[PDB]
Structure formats: structure tokens, C-alpha cells
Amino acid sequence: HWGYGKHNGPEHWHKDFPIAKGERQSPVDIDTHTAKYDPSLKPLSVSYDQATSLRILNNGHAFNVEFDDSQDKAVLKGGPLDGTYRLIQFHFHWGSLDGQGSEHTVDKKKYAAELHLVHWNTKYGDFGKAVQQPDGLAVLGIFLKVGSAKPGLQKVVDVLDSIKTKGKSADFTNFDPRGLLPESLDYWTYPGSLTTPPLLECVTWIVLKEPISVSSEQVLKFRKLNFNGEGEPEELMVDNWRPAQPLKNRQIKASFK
């Protein structure tokens, strides 16, 4: 099945998932000088005070921190969004070296990693229904650069040893995603898709301008994860990012001057 290798990676996905070559694919390069400031964008509202994490898991593509989304406990609203989007999980994409790893790029610059906080439109009742809708999901993307450590990330990095290989999961309660946010909520936004199969074109992307800094030690621990299942030859979980896709008929809007 699909992956990030030479024989199953991004250039191959279109055979099983034709929408790979579709009209609103993600990620994209964000050209900062051509993005249009939009004064009609309401302020972004991130309400994670009641977020209830459950589990962390290695699915062979990334690691995933899963949340209890059975009530409106952690939601994203405002900005370009209509209605209420509920946090379901977060994951990251990262590189083998600090000069690559992000999926979105900013004037062609690649960051060391990118955080995706995934949310679904309540109006659709569940995630599975939401992904069949053009406004089904809102994914908050946050760039990571390597510099000072991110204290709020440490709890995640310390549990990664327990989910080394594909199919491993661990208890992961009481983790506060607010600890992963930068100071500014300035953002770019555009209509796009999931960056992995099934690549469904159901995402309103909200990408924050300001990166967070993580330490070399923190990102090194991401890179010790495995794509393989337990007992297989070790294949390091690195470079699990899709490259920038054609912008086609889309305008990227900016919340800031």
C-alpha cells in the first residue's frame, strides 16, 4: 500500500487515488507576495481549554494524538470558517534533515516539520461524513523550525519510545494542545485536501504565519520512529511529507497586512 518510498510514494498515489491530480490538492507553496490580505476574515478562535486527549499511535505514516470529540470540548471557529469545527486529532510530518519536512512551503522555504491539528465540521455529525463535504474539515497547520525547545512538546517526545513501530499505541491522557501554539494566530487560508490518501478535497486550510521552535533533540526523537511494524527490518519514519501541489484555480488569502 501507499507510503513515502520510491515505489509507493507521492508520485505513485494517483493510481489508487485519482483525485491526487485534482483541482484543489494540498499542500501548496504559499507565495507571500501574491497572497491577498482579506479584511473580511473574522478573527480566528482556538478553544482548546477543555481538550481531552486519549491515545497516541503510530499508524505507519505518522504518529497521532487522538482526542475525545464526543462533545464540543476543543473547537476551532472564526477566521474563514462557518460554524464549529471539533478537534479530533493531531499529527506531524517531518524530514530526515532540518532543511525539509514541512508540507506547505512559504516562498519555497521548507520547514523542519509541520503540525496538523485536524478538525471536523459539527454540522456533518461525524468525521466520516465530514470528509465527503467540500467544507468538511479544517486543518490548522503550524510550521516547526529547529532552535530552542518547545516545552509543551516534550510530553509527546517522551512517549515516542513506546510507539516505535507501526500499529503501536499508548495511553496519552491530559495532554494540552495549547502548548503547541505560537504567539500569533496570523494565518493564510485556502481550500485544499488531505495531504495523504484518500486525498479528499474537503479541507479548509488554515496555516499559521509564525512557526514554533523545537529543539534538535526533540526532532531527532521524531526521526527514531519506524514506518515498519515490530520485528521487520528498520525503516526510519522520516520524510513523511507530500511536496507542494499545483495551485490551479485558487487564491490564498492572508489574515494580516
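Don't overthink the numbering: it's just position in the shown sequence, from 1.
Mean CA temperature factor is higher for 55-63 when stretches 186-194 and 55-63 are set side by side in the entry. Look at the C-alpha B-factors of 139-147 and of 164-172. On average they run higher in 164-172. Among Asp49, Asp31, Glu210, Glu201, the highest C-alpha B-factor recorded in the PDB entry belongs to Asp49. In the PDB entry, the Cα temperature factor peaks, among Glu103, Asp126, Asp72, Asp107, at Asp72.
The PDB entry assigns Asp98 a C-alpha temperature factor belonging to the middle third of its chain's modelled residues. Among the modelled residues of its chain, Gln154 has a C-alpha B-factor that falls in the middle third according to the deposited record.
Among the modelled residues of the chain, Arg178 sits in the middle third by CA temperature factor in this PDB entry.
Among all modelled residues in this chain, the alpha-carbon of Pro246 has a temperature factor (C-alpha) in the middle third. Per-chain ranking of the deposited C-alpha B factor places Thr84 in the highest third.
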